[PDB]
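Here the structure is laid out as structure tokens; the discussion comes afterwards.
Both counts, for ligands and for their atoms, begin at 1 and track the order of listing. Lettering follows sequence order; numbering is per chain, from 1.
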Amino acid sequence: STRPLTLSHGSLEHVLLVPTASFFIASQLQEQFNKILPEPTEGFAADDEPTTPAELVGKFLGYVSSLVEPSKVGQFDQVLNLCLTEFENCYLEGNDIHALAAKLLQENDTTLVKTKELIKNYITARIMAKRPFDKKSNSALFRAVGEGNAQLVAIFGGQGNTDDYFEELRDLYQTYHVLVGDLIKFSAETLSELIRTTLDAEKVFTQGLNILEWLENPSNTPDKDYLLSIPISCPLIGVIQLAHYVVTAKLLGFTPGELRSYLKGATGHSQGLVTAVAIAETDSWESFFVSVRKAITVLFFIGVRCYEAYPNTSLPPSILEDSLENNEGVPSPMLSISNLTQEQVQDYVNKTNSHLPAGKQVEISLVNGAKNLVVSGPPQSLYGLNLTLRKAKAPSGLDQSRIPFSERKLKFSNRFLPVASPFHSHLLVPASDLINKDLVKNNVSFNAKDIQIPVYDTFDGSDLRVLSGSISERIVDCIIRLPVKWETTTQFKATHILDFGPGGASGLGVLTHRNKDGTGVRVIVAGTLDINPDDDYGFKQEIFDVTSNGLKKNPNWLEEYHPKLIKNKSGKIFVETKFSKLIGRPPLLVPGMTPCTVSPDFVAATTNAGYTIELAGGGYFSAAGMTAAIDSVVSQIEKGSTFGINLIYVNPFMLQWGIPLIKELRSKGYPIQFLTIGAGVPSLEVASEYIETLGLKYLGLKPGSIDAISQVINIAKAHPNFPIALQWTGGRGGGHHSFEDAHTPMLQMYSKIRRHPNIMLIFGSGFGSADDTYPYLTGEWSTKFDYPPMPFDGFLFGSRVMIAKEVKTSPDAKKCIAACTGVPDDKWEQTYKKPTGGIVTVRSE
Amino acid sequence: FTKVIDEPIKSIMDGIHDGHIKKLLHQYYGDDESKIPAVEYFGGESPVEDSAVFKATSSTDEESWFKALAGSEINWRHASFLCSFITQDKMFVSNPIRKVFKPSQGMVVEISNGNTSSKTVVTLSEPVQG
Ligand SMILES: Cc1cc2nc3c(=O)[nH]c(=O)nc-3n(C[C@H](O)[C@H](O)[C@H](O)COP(=O)(O)O)c2cc1C
């Protein structure tokens, strides 16, 4: 027998089938729970208040679990055991808690804090009901790694990711108390022991290191500027990292050693490397605490001896004021510079190091990217460098569209990191000797045989297992004095990367993602639970998900947009691209040209050769004149042949008869396959008009610049099933031409374009032969710029076809064209000054 | 690359296509035309069983319904149910096979010899006088 128990909060409600043998107890709680639960408001927007049925049943599990105690068997145990089993059968459809948590965030109007509360409740409940996470989860990722379809690498971040790194440790201690609580307490007694064992430790820990007291009571927690100091921030960032690793292990039912054996390798940016060697020694939950003690102890001594070697001194108020009122940060010992090359930065630091003495010089400390460096040194020195940089950069709201590409003043960003020591600098070298002595006095050695996976050294990208010397000594050297070459250390061939590090979305994960975009590597941020609207990297949920949402791969551009051959029944071979697959003919087109493609004789003749060609509206001034050209094109082409039409967007007069004509001719079924819109990109409302009304197969767009490409990508996102042909042309093209380079804009925009499977991506400007186009077809063109291969879907050929037999160009004009020598891509911009290769730039009306 | 005057447009474009075909054969098909996959007809692909029976309902998705009717193989049924356009002389009108078989309540399509293009017969049946 069984009795329905209604537990509710306004509109939302849940029925629980409680057995009658223990119903009187479940009603006792139902009343007591209904007292603590507040009044139901509109939208449940207030705090400590459920927003979905799932949250409410959570709260109820949280309340029942608070009265229960795990030592002695109470009366309430048999209610917790059951109410939990109802949560599992209703809302966790086999999945893990985090997968539900995620599902409630995006669909319902749940806030992050409520979802964290829901996870705490469930996890607490599970543990205090004597039902631990013992069985191995069916997580898609760890299924795929067992089979061999995935290769996991763990990365650990470090300093200079967030100023509020402690909130991540506070969040772990709240939400996962029962899992990490034992670790965090052991780390707190280990640090407290190291303070009273070491001679002059208490002199550096002015406000103590009682982290437990700070986690319990947020009021007793010291100010951020003390927590940021490396003697605290070093070991606590290690603790945060090991806590995320534990959680990840304990919710997967793995031992550390099991989770370590699923990893192809580990590695860590800066002090992350200490954690990375720490996990690679782990085996069981019993011997996990010797690998933690070693990690925490190393980071404790690094943080102490480095702070004794270079303590942060009061900065002059004149420099603090100049930095704040010039939109920069607070001067720290590390200056990030974005969107400059490593040579370009090493120039500016070689100018600034010439004027300064030895003990004040700055060096490049982290190379996180091609164009993403970090310079370490004294904060006054880096403010120097920052004065030498602000005169060299353009304002971030300057318009450089009407300036040729090579004359444009280089624009970049430069912020100070939130870190209180100059890591990877000559300044910390004196500490090295002291650290190597504190590691042998506290019996902390990493042995090469005990390390079961490869841990990649941050300098040269080598394994630390193949080191002749001491591993500890090297790891210290890698943190304090050697630079971090991040691209060189992440040369491992993996499909998935787990960022354990602090900072979540601002951390090392997302940076590694930007470096490796288009190589078919997916980053998972193993610490933070959250949603990515782009979905380019994943969060904590993706580790524990058991459905197909757990093994999401990222697009490898070389494999996905590989050009192929195919043949039809008649045995004609075609180049198969996203474009050619649609139009059923070779992925080459003759774009609309006034006056080259105004001739209906040349449009028919190209259509009859079997190639897309746009009829140029630029040569027509009425619907009547165009209509009679179209009628002449049709007359000369074979049945089933089609052609396009080019309209000029900066001729409103020509659009206001052209668009109605295209609409009318398609309603009678004329073979107009597509419309290309030259000279600018239509607005969303106009583009939507053309797509939905004109009865076209696809729509060509010709973006001039970055903003125009972004405007094409927005048009595509609005009509996701309708093909858009993004004809990218550099300013080196014939006719009306932009100021833009051919390459640079595509390197920036290619990833964002390829997110949208309905954009077919054509490349024009400066092509005549198979020889020069093939690198764009196979994507090797982008390997010269140290980017992953970016294959293109099609080519357009303007200038090249102007001397064809069928073009109306007069014989003496054709001789005059054929006599022009031309110039390679790098010279083209000279046309703005003087005749370069027979060709010059002039201004229109 | 503009050097040779009065080259026919076919010869320039074919020159470029046949150029790529020769490099793509050499690099990705070890110079062997036999390794190239064949289809009946190449085209009309959007960038995004022998004896079957399909009962349409009010909920039946158009796109799913035509993909099933079309089959897997590229042949006349594929064209028939997936070509959005057919040709009338030189004009391009809406495909009337996709209008006739447009799914609705009562319709029942039976496909026979689905695996042999030459002998396949699609037979739509509807309720006519009960
Ligand atoms: C003679 C000539 C006329 C052109 N007329 C037009 C036009 O009417 N509309 C348009 O959008 N683009 C026009 N273009 C630009 C081409 O469509 C294309 O962007 C360019 O030809 C490609 O560069 P390439 O000429 O180096 O091969 C013209 C180009 C040339 C050379």
Note: [X]-[Y] ion pair, threshold 4.0 Å (strictly below):
X: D793(A); Y: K581(A); value: no
X: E576(A); Y: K567(A); value: no
X: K752(A); Y: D517(A); value: no
X: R98(B); Y: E63(B); value: yes

Looking only at protein heavy atoms, identify the closest one to [atom] and say how far it is in Å.
atom: atom 27 (O) of ligand 1; value: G798(A) N, 3.1 Å
atom: atom 8 (O) of ligand 1; value: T594(A) OG1, 2.9 Å
atom: atom 28 (C) of ligand 1; value: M593(A) CG, 3.7 Å
atom: atom 16 (C) of ligand 1; value: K702(A) NZ, 3.6 Å
atom: atom 20 (C) of ligand 1; value: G734(A) O, 4.1 Å
atom: atom 25 (O) of ligand 1; value: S799(A) OG, 2.6 Å
atom: atom 1 (C) of ligand 1; value: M802(A) CE, 3.4 Å

task = Looking only at distances, please establish whether an N/O atom of ligand 1 is found under 3.5 Å from an N/O atom of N646(A).
result = yes

request  = Look at the rings of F785(A) and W781(A) and say which category their plane angle falls in: under 30° parallel, 30 to 60° tilted, over 60° perpendicular.
outcome  = perpendicular

task = Anything under 30° is parallel, anything over 60° is perpendicular, the rest tilted; go ahead and classify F763(A) against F792(A).
result =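 It falls in the perpendicular class, over 60°.
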
Residue pairs, two or more places apart or on separate chains, that pass ring-ring contact (aromatic ring centres under 6.0 Å, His included) and touch residues 812-838 of chain A =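 For residues 812-838 of chain A: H737(A)-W828(A), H737(A)-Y832(A), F739(A)-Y832(A), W828(A)-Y832(A).
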
request  = Please verify whether a non-hydrogen atom of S765(A) lies at under 4.0 Å from ligand 1.
outcome  = yes

remark   = In ligand 1, the atoms that come under 4.0 Å of a heavy atom of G678(A) are 11 (O)

request  = Heavy-atom distances under 4.0 Å are what count here, so tell me which part of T676(A) touches ligand 1: side chain, backbone, both or neither.
outcome  =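 Neither part.
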
inquiry  = Looking at non-hydrogen atoms alone, which of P591(A), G822(A), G766(A), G592(A) comes nearest to atom 26 (O) of ligand 1?
reply    =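 Nearest option to atom 26 (O) of ligand 1, by heavy atoms: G766(A).
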
note = So OG of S338(A) and NZ of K411(A): to nearest 0.5 Å the spacing works out to 13.0 Å

